[PDB]
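Asker: I have a structure I would like to understand better, so I am pasting it below and will then ask my questions one at a time.
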Amino acid sequence: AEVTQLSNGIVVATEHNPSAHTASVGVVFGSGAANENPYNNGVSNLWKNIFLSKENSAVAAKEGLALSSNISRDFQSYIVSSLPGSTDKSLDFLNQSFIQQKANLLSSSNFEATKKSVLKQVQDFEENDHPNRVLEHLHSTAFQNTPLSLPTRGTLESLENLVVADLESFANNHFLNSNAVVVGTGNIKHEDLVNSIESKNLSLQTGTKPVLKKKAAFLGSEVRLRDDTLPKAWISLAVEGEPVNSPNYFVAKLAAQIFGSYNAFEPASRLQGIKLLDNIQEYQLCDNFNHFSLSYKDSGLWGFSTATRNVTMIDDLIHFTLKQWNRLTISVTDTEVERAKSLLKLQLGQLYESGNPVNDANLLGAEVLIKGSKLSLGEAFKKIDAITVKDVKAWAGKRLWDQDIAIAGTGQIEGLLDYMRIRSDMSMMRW
Amino acid sequence: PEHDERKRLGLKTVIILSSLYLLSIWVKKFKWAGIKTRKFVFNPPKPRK
Ligand SMILES: CCCCCCCCCCCCCCC(=O)O[C@H](COC(=O)CCCCCCCCCCCC)COP(=O)(O)O
């Protein structure tokens, strides 16, 4: 369980694990949805699809190879999965028709059948997936007129005005040699991957992608999409957070574990050691909530997201939650810090030590593009054990005490009050 | 006989109440800024609900 980087001109990272039964080989680029303009939006969502299109995936299934991809902010990936005695066939699939001869994939009939399939995925997303299209509007209203707000799927009219000339224009500027990391996880040695790459002269050409005119900036705002024919209400709310390679990275994750997540229909979820659950369950204010801490290379977001069916007591759920956030500055206790230490080490252990080599290839590729090297699970555990009560109160008085918020909501949100009745709840006025 | 005493307490009350009246106009316009700049877009729904 140790990571090895070795740059011969191309960065190659690999974590061997000889108790695995499969092996993944792919390439991860360092340009995501936060490297686009508002007219070619969601053009990386058309590069994932045509890699998974039916004529391209029929060729891979004839050698026992599975394809997988993922589009986010700040990175994308294209993974090829196989059996551990067959990884040399995995490099030859990435070399042909994605790197070298990538012209036959961009036909006129293969592109037109693909675009009308991506046009119906985003249309069904906009009408059915309500807790996830509200979290998208939270990024759209907090970082407006700034790169970090464009949706990773694109929009329905930015997807329609997209021709085949736009994809090679995106690939020429972003799929370069220095903006790239080649990953391999699972049952594969580090030295058999390096020799098999330099058994040929696998490379790319130019490097030095464009340099991202406007920086990221947080703005206090709100957006309301009321729909009275939906049976619920969904609401997200956040403040500014801690970015990647920030010195308060683990301190913001420990603070969200203090309040955690909840499900009203699970019996063991109702018995958690969270002080907010005493006010929630007396009048049954919600169905579920969850606290998060997102982090990027520019900034972050710290907050929570809920879904309720009590549409006349919405303003009590917002009042009681924002009152408990005040206690991280004034009156947090030592048994709440020690409980969140144990649960954070279990949550970090199930994300970084799962059984899917496709999952560990997106995690390894991001941390080597943005830092150059990987941080161990033993070193992250040593950092979490050294947080005190003073560090949480120093972080909380800087980041959430009397600060601006961003709100987003849909459904039966008539009982949601306006901005200044919610903004004033970010300081208890008892200290 | 209260004439000279009256106009001296009328000076203190008018100075105090004019600086309270000017500050309430500033305070009101700060708390009313989010309502005056609120926007509204209408897209007609698809018609078979
Ligand atoms: C409940 C009674 C309400 C009175 C309504 C006032 C109507 C205006 C007419 C002025 C008559 C008041 C006499 C003041 C006075 O002689 O003080 C004078 C001068 O002091 C002042 O300027 C007081 C300013 C008055 C503004 C009151 C602030 C309003 C905040 C709430 C107050 C109600 C609880 C006495 O001065 P001195 O006692 O220091 O010698």
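By order in the structure tokens, chains are A, B, ...; within a chain, residues start at 1; ligands start at 1, following the order shown.
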Each residue of chain B lying at most 8 Å from ligand 1 should get a row with its shortest atom-to-atom pair and the distance in Å to one decimal, counting only C-alpha atoms and all ligand atoms; could you produce that, ordered by chain and increasing number, as a tab-separated table?
Answerer:
```
residue	atom	partner	partner_atom_place_in_ligand_line	distance
B:9	CA	ligand 1	19 (C)	5.3
B:10	CA	ligand 1	19 (C)	7.2
B:11	CA	ligand 1	22 (O)	7.7
B:12	CA	ligand 1	22 (O)	4.5
B:13	CA	ligand 1	22 (O)	3.4
B:14	CA	ligand 1	22 (O)	7.0
B:15	CA	ligand 1	22 (O)	7.4
B:16	CA	ligand 1	22 (O)	5.6
B:17	CA	ligand 1	26 (C)	5.8
```
Asker: Could you write those residues out with C-alpha atoms, as a short mmCIF file (atom, residue, chain, number, x, y, z; two decimals), in the first residue's frame?
Answerer:
```cif
data_model
loop_
_atom_site.label_atom_id
_atom_site.label_comp_id
_atom_site.auth_asym_id
_atom_site.auth_seq_id
_atom_site.Cartn_x
_atom_site.Cartn_y
_atom_site.Cartn_z
CA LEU B 9 -33.60 72.24 26.36
CA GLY B 10 -35.09 72.74 22.92
CA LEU B 11 -31.55 72.87 21.57
CA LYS B 12 -30.53 69.52 23.04
CA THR B 13 -33.69 67.73 21.87
CA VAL B 14 -33.58 68.93 18.25
CA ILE B 15 -29.87 68.09 17.76
CA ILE B 16 -30.39 64.59 19.20
CA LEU B 17 -33.57 63.85 17.24
#
```
Asker: For chain B, list the residues within 9 Å of chain A, counting only C-alpha atoms, and write the list as a count of residues only.
Answerer: 4
Asker: Mind listing the helix (DSSP H, G or I) residues of range 226-413 of chain A, per DSSP on the backbone, as a ChimeraX atom specification?
Answerer: /A:249-259,268-271,277-283,314-325,327-330,334-352,359-369,377-384,389-399
Asker: Excluding same-chain residues fewer than 5 positions from residue 319 in chain A, what lies within 12 Å of it counting only C-alpha atoms, as an mmCIF file with C-alpha atoms, in the first residue's frame?
Answerer:
```cif
data_model
loop_
_atom_site.group_PDB
_atom_site.id
_atom_site.type_symbol
_atom_site.label_atom_id
_atom_site.label_comp_id
_atom_site.auth_asym_id
_atom_site.auth_seq_id
_atom_site.Cartn_x
_atom_site.Cartn_y
_atom_site.Cartn_z
ATOM 1 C CA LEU A 276 -29.396 18.922 16.673
ATOM 2 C CA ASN A 279 -35.074 19.666 18.191
ATOM 3 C CA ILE A 280 -35.673 17.923 14.854
ATOM 4 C CA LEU A 285 -39.064 18.905 10.678
ATOM 5 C CA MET A 313 -42.342 24.683 9.469
ATOM 6 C CA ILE A 314 -39.417 25.235 7.103
ATOM 7 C CA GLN A 324 -25.970 24.847 16.394
ATOM 8 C CA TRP A 325 -23.343 26.197 13.993
ATOM 9 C CA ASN A 326 -22.800 29.061 16.452
ATOM 10 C CA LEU A 416 -38.610 29.895 3.197
ATOM 11 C CA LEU A 417 -38.018 33.435 4.445
ATOM 12 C CA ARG A 421 -33.890 36.838 8.274
ATOM 13 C CA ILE A 422 -31.532 33.939 7.549
ATOM 14 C CA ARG A 423 -28.299 35.960 7.352
ATOM 15 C CA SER A 424 -28.802 37.309 10.881
ATOM 16 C CA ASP A 425 -28.686 33.763 12.306
ATOM 17 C CA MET A 426 -24.908 33.514 11.724
ATOM 18 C CA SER A 427 -24.163 35.080 15.127
ATOM 19 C CA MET A 428 -25.984 34.009 18.285
#
```
Asker: Could you name the residues that touch range 160-177 of chain A at 8 Å or less, counting only C-alpha atoms, but leaving out those on the same chain fewer than 5 positions away, as an MDAnalysis selection string?
Answerer: chainID A and resid 10 29 31 40 43 47 106 111 119 203:210
Asker: Emit the selected residues as a CSV table (one decimal), in the first residue's frame, including C-alpha atoms.
Answerer:
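Output saved as part.csv:
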```csv
chain,number,residue,atom,x,y,z
A,10,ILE,CA,5.6,11.3,-18.5
A,29,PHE,CA,-6.1,14.9,-17.4
A,31,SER,CA,-8.5,20.1,-17.0
A,40,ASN,CA,-18.8,25.2,-25.2
A,43,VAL,CA,-18.1,19.6,-24.1
A,47,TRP,CA,-15.8,13.4,-24.7
A,106,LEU,CA,-15.5,11.7,-34.8
A,111,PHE,CA,-21.4,12.1,-33.4
A,119,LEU,CA,-29.5,15.7,-25.0
A,203,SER,CA,4.3,10.7,-26.0
A,204,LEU,CA,2.4,13.8,-26.9
A,205,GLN,CA,3.5,17.1,-28.4
A,206,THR,CA,3.1,20.6,-27.0
A,207,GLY,CA,1.9,21.2,-23.4
A,208,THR,CA,1.3,24.8,-21.7
A,209,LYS,CA,-2.6,24.9,-21.8
A,210,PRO,CA,-4.5,28.2,-21.5
```
Asker: Taking only C-alpha atoms into account, name the residue in A:153, A:232, A:213, A:383 that is nearest to residue 123 in chain A.
Answerer: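 For residue 123 in chain A, the nearest of the candidates is A:153.
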Asker: Please compute the CA of residue 227 in chain A-CA of residue 413 in chain A distance, one decimal, in Å.
Answerer: 8.1 Å
